[PDB]
Each structure stands twice: as C-alpha cells, then as structure tokens.
Amino acid sequence: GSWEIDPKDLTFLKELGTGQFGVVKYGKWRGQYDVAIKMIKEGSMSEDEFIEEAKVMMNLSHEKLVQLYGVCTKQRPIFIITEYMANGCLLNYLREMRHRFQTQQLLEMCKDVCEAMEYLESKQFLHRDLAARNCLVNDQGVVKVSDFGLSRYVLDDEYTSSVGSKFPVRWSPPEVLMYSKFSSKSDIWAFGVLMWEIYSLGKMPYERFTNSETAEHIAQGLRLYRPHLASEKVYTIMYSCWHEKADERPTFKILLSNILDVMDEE
Ligand SMILES: *CCC(=O)N(C)CCOc1c(N)ncnc1-c1cc(F)cc(NC(=O)c2ccc(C3CC3)cc2F)c1C
Ligand code: NA
C-alpha cells in the first residue's frame, strides 16, 4: 500500500553477506514473508538521490528481476527491502556446483537473465553492473537480475571511477571505459561477459590480466575465448555482444530470440 516499510514489521534472522552498501540480512516481513534487508552503511550511498528516484525502481516489475519491496528511510542507517533468493548469487552457485552443471541448465540461466534484460531495455532502464555476482538464484534454480541501477548511488571513488580498484572493468565496453557512455549497449557487453561467466562455470574473465591490461587488450581487439561447455552457436551469441561499435551490438530482444532458437534446436 506504500513503498515506505515500517522497520517494526521486520525480523532479522541471519547475515547473508556484504554488498556495495555494507551488510545484507535475511529476515521476515510481518513474520511470514521472506525478505533480504540491505542495511545501508553511513557514507556508502547518495541517499537523497536514491530516495528521489526510488519510485521508478519500485515500479520495475518482471518475474526475472529481484523485486525491490520498499525502503525504511525515517531512520539512520536506512534499509532497502528486497526479494530473498535462497541459493544466493549466481557466481558462487556456479563455483559451488561447477562439475555438476549440464549445458541445458547453463542455457536456461542465460535465458532467465536475457528475459530480465529485455524488460529493462524496454523500460530504457540501465543495469550498469550486470555480472554473475549481481545475479541471484532462487530455490527453484531460476536466475534473477539484482541491484539494477543502484550503481548510480554509490559513494566510493574506487567503485565509481573507471581508474578505481572496484570499477567493473572486465564487464565494461570501451565506450564506458573511455567516455563514461552507458546505454543498453553497454549492458549488452556485460551480458556477453556474463554468458562467458556462466559457460566457464564462474571463472574470472581475463584472469591472466590486471584490470588495466584487460582494458588495453580489449581496446586492441582481444576477446574472451570460447568456454569448453559452449557450443559454436552459444559462442556466436556471447561474441556478438562484444562488437567494438555499440550500434553494431544486438538488442536484448535479438539476443533472446537467438537463445530461444538454440533451445529449440537442442
Ligand atoms: C555473491 C555472493 C553471495 O551469495 N551473496 C553476496 C549473498 C546473496 O544474498 C542475497 C540473497 N540471498 N537474496 C537477496 N539479496 C542478497 C544479497 C546479499 C548481499 F549480502 C549483498 C547483495 N548485493 C548488494 O547489496 C549489492 C551488490 C552490488 C551493488 C552494486 C552498485 C550496484 C549494489 C548492491 F546493493 C545481495 C543482492
Ligand atoms: Na568445446
């Protein structure tokens, strides 16, 4: 009935880990509904800017998005209440079950993310930090996209600056690195890297390079190799995401149609 949640309705049960804004806890809303509670660390977020734009994020609704339930702002620290995902982040899930993953399950993961991204693209809403660490897995093995657009409110120069140690260089196209030009085509690039993370079973992209060496090699035309579990058709799809020219990259609508074609073929 309102996006402002009463913190007295929340029960804190277990710490889930730490994100870009600090501690995130698992809990219950009104003792029944499972929730993730982000406890926004002091000085980690542009809180006023986030609160002013929160309603747009609140209205984003799709089955493949980790839902934003509401906020607790009449306090300090503020809370962000989200959908809880029982299997945690995709990156750790891939690493934990690595040699038990089948190619059909890997394709299904790509499809789930692609559907979420096709929806964000239709809303002209940028994720800005799409990667396996920012995708979550529910109890049914469904992959959902998490923390879309939250990148904009980070107060941490190491993360927001392209020359910073926490900036997601390995998921960034050249126009983001050089010109800070974010678009649905920069999310396309990150999605290609994410497909590679899925098919490589959670390997770090360009592991033999530093962040600076990655940016340099990519600018010179180097691309991620075909993972062992990726077929020629799967590699063609992820590779199409890495066109040097943003306008020559496919849309998420085109990517989804290509993923469904591979699914129907196998
Ligand atoms: C990858 C490891 C892992 O499993 N983690 C971090 C736990 C996932 O836990 C979780 C669950 N199970 N459901 C919903 N939400 C979470 C969650 C927990 C956590 F500790 C951190 C986060 N992520 C963030 O808070 C986060 C990360 C990155 C960014 C970048 C600026 C965009 C923002 C942000 F809020 C989650 C989602
Ligand atoms: Na192979």
# chains A, B, ... in the order shown; residues from 1 in each chain; ligands from 1

call {"tool": "closest_atom_pairs", "arguments": {"of": "chain A", "to": "ligand 1", "cutoff": "9 Å", "atoms": "only C-alpha atoms and all ligand atoms", "output": "JSON lines"}}
result
{"residue": "A:15", "atom": "CA", "partner": "ligand 1", "partner_atom_place_in_ligand_line": "20 (F)", "distance": 7.4}
{"residue": "A:16", "atom": "CA", "partner": "ligand 1", "partner_atom_place_in_ligand_line": "20 (F)", "distance": 4.7}
{"residue": "A:17", "atom": "CA", "partner": "ligand 1", "partner_atom_place_in_ligand_line": "20 (F)", "distance": 3.4}
{"residue": "A:18", "atom": "CA", "partner": "ligand 1", "partner_atom_place_in_ligand_line": "20 (F)", "distance": 3.8}
{"residue": "A:19", "atom": "CA", "partner": "ligand 1", "partner_atom_place_in_ligand_line": "24 (C)", "distance": 3.8}
{"residue": "A:20", "atom": "CA", "partner": "ligand 1", "partner_atom_place_in_ligand_line": "28 (C)", "distance": 4.6}
{"residue": "A:21", "atom": "CA", "partner": "ligand 1", "partner_atom_place_in_ligand_line": "35 (F)", "distance": 5.8}
{"residue": "A:22", "atom": "CA", "partner": "ligand 1", "partner_atom_place_in_ligand_line": "25 (O)", "distance": 6.9}
{"residue": "A:23", "atom": "CA", "partner": "ligand 1", "partner_atom_place_in_ligand_line": "20 (F)", "distance": 5.9}
{"residue": "A:24", "atom": "CA", "partner": "ligand 1", "partner_atom_place_in_ligand_line": "20 (F)", "distance": 4.3}
{"residue": "A:25", "atom": "CA", "partner": "ligand 1", "partner_atom_place_in_ligand_line": "20 (F)", "distance": 6.9}
{"residue": "A:26", "atom": "CA", "partner": "ligand 1", "partner_atom_place_in_ligand_line": "11 (C)", "distance": 7.3}
{"residue": "A:35", "atom": "CA", "partner": "ligand 1", "partner_atom_place_in_ligand_line": "14 (C)", "distance": 7.4}
{"residue": "A:36", "atom": "CA", "partner": "ligand 1", "partner_atom_place_in_ligand_line": "14 (C)", "distance": 4.9}
{"residue": "A:37", "atom": "CA", "partner": "ligand 1", "partner_atom_place_in_ligand_line": "15 (N)", "distance": 7.7}
{"residue": "A:38", "atom": "CA", "partner": "ligand 1", "partner_atom_place_in_ligand_line": "25 (O)", "distance": 6.0}
{"residue": "A:39", "atom": "CA", "partner": "ligand 1", "partner_atom_place_in_ligand_line": "25 (O)", "distance": 8.6}
{"residue": "A:40", "atom": "CA", "partner": "ligand 1", "partner_atom_place_in_ligand_line": "35 (F)", "distance": 8.6}
{"residue": "A:66", "atom": "CA", "partner": "ligand 1", "partner_atom_place_in_ligand_line": "14 (C)", "distance": 7.5}
{"residue": "A:80", "atom": "CA", "partner": "ligand 1", "partner_atom_place_in_ligand_line": "35 (F)", "distance": 8.5}
{"residue": "A:82", "atom": "CA", "partner": "ligand 1", "partner_atom_place_in_ligand_line": "14 (C)", "distance": 6.5}
{"residue": "A:83", "atom": "CA", "partner": "ligand 1", "partner_atom_place_in_ligand_line": "14 (C)", "distance": 5.9}
{"residue": "A:84", "atom": "CA", "partner": "ligand 1", "partner_atom_place_in_ligand_line": "13 (N)", "distance": 3.9}
{"residue": "A:85", "atom": "CA", "partner": "ligand 1", "partner_atom_place_in_ligand_line": "13 (N)", "distance": 3.9}
{"residue": "A:86", "atom": "CA", "partner": "ligand 1", "partner_atom_place_in_ligand_line": "12 (N)", "distance": 5.2}
{"residue": "A:87", "atom": "CA", "partner": "ligand 1", "partner_atom_place_in_ligand_line": "12 (N)", "distance": 6.1}
{"residue": "A:88", "atom": "CA", "partner": "ligand 1", "partner_atom_place_in_ligand_line": "12 (N)", "distance": 3.9}
{"residue": "A:89", "atom": "CA", "partner": "ligand 1", "partner_atom_place_in_ligand_line": "4 (O)", "distance": 4.0}
{"residue": "A:90", "atom": "CA", "partner": "ligand 1", "partner_atom_place_in_ligand_line": "1 (C)", "distance": 6.7}
{"residue": "A:91", "atom": "CA", "partner": "ligand 1", "partner_atom_place_in_ligand_line": "1 (C)", "distance": 5.7}
{"residue": "A:92", "atom": "CA", "partner": "ligand 1", "partner_atom_place_in_ligand_line": "1 (C)", "distance": 5.5}
{"residue": "A:93", "atom": "CA", "partner": "ligand 1", "partner_atom_place_in_ligand_line": "4 (O)", "distance": 7.6}
{"residue": "A:127", "atom": "CA", "partner": "ligand 1", "partner_atom_place_in_ligand_line": "32 (C)", "distance": 8.1}
{"residue": "A:128", "atom": "CA", "partner": "ligand 1", "partner_atom_place_in_ligand_line": "32 (C)", "distance": 7.3}
{"residue": "A:129", "atom": "CA", "partner": "ligand 1", "partner_atom_place_in_ligand_line": "32 (C)", "distance": 5.5}
{"residue": "A:130", "atom": "CA", "partner": "ligand 1", "partner_atom_place_in_ligand_line": "32 (C)", "distance": 8.3}
{"residue": "A:132", "atom": "CA", "partner": "ligand 1", "partner_atom_place_in_ligand_line": "1 (C)", "distance": 7.8}
{"residue": "A:133", "atom": "CA", "partner": "ligand 1", "partner_atom_place_in_ligand_line": "1 (C)", "distance": 4.6}
{"residue": "A:134", "atom": "CA", "partner": "ligand 1", "partner_atom_place_in_ligand_line": "28 (C)", "distance": 6.2}
{"residue": "A:135", "atom": "CA", "partner": "ligand 1", "partner_atom_place_in_ligand_line": "37 (C)", "distance": 7.6}
{"residue": "A:136", "atom": "CA", "partner": "ligand 1", "partner_atom_place_in_ligand_line": "13 (N)", "distance": 6.7}
{"residue": "A:137", "atom": "CA", "partner": "ligand 1", "partner_atom_place_in_ligand_line": "12 (N)", "distance": 7.7}
{"residue": "A:138", "atom": "CA", "partner": "ligand 1", "partner_atom_place_in_ligand_line": "12 (N)", "distance": 8.0}
{"residue": "A:146", "atom": "CA", "partner": "ligand 1", "partner_atom_place_in_ligand_line": "37 (C)", "distance": 5.8}
{"residue": "A:147", "atom": "CA", "partner": "ligand 1", "partner_atom_place_in_ligand_line": "33 (C)", "distance": 5.1}
{"residue": "A:148", "atom": "CA", "partner": "ligand 1", "partner_atom_place_in_ligand_line": "32 (C)", "distance": 6.6}
{"residue": "A:149", "atom": "CA", "partner": "ligand 1", "partner_atom_place_in_ligand_line": "32 (C)", "distance": 6.6}
{"residue": "A:150", "atom": "CA", "partner": "ligand 1", "partner_atom_place_in_ligand_line": "32 (C)", "distance": 4.5}
{"residue": "A:151", "atom": "CA", "partner": "ligand 1", "partner_atom_place_in_ligand_line": "31 (C)", "distance": 3.6}
{"residue": "A:152", "atom": "CA", "partner": "ligand 1", "partner_atom_place_in_ligand_line": "31 (C)", "distance": 7.2}
{"residue": "A:153", "atom": "CA", "partner": "ligand 1", "partner_atom_place_in_ligand_line": "31 (C)", "distance": 7.4}
{"residue": "A:154", "atom": "CA", "partner": "ligand 1", "partner_atom_place_in_ligand_line": "31 (C)", "distance": 6.1}
{"residue": "A:159", "atom": "CA", "partner": "ligand 1", "partner_atom_place_in_ligand_line": "31 (C)", "distance": 8.3}

call {"tool": "select_by_dssp", "arguments": {"residues": "segment 69-191 of chain A", "states": "alpha helix (DSSP H)", "output": "PyMOL selection string"}}
result
chain A and resi 90-96+103-122+157-160+174-179+184-191

call {"tool": "residues_near_ligand", "arguments": {"ligand": "ligand 2", "cutoff": "10 Å", "atoms": "only C-alpha atoms and all ligand atoms", "output": "JSON, numbers by chain"}}
result
{"A": [226, 227, 228, 229, 230, 231, 232, 235]}

call {"tool": "closest_residue", "arguments": {"among": "A:77, A:5, A:105, A:169", "to": "residue 209 of chain A", "atoms": "only C-alpha atoms"}}
result
A:169

call {"tool": "closest_residue", "arguments": {"among": "A:27, A:250, A:202, A:164", "to": "residue 186 of chain A", "atoms": "only C-alpha atoms"}}
result
A:250

call {"tool": "select_by_dssp", "arguments": {"residues": "segment 94-172 of chain A", "states": "strand (DSSP E or B)", "output": "ChimeraX atom specification"}}
result
/A:135-137,143-145,154

call {"tool": "residues_around", "arguments": {"residues": "residue 265 of chain A", "least_positions_apart": "3", "cutoff": "12 Å", "atoms": "only C-alpha atoms", "output": "count of residues only"}}
result
8

call {"tool": "closest_atom_pairs", "arguments": {"of": "segment 80-173 of chain A", "to": "segment 57-62 of chain A", "cutoff": "9 Å", "atoms": "only C-alpha atoms", "output": "Markdown table"}}
result
| residue | atom | partner | partner_atom | distance |
| --- | --- | --- | --- | --- |
| A:115 | CA | A:62 | CA | 8.9 |
| A:116 | CA | A:62 | CA | 6.9 |
| A:119 | CA | A:62 | CA | 7.3 |
| A:120 | CA | A:60 | CA | 8.1 |
| A:123 | CA | A:60 | CA | 8.3 |
| A:125 | CA | A:57 | CA | 8.9 |
| A:148 | CA | A:57 | CA | 8.4 |
| A:149 | CA | A:57 | CA | 7.9 |

call {"tool": "atom_distance", "arguments": {"atom1": "atom CA of residue 145 of chain A", "atom2": "atom CA of residue 65 of chain A"}}
result
4.9 Å
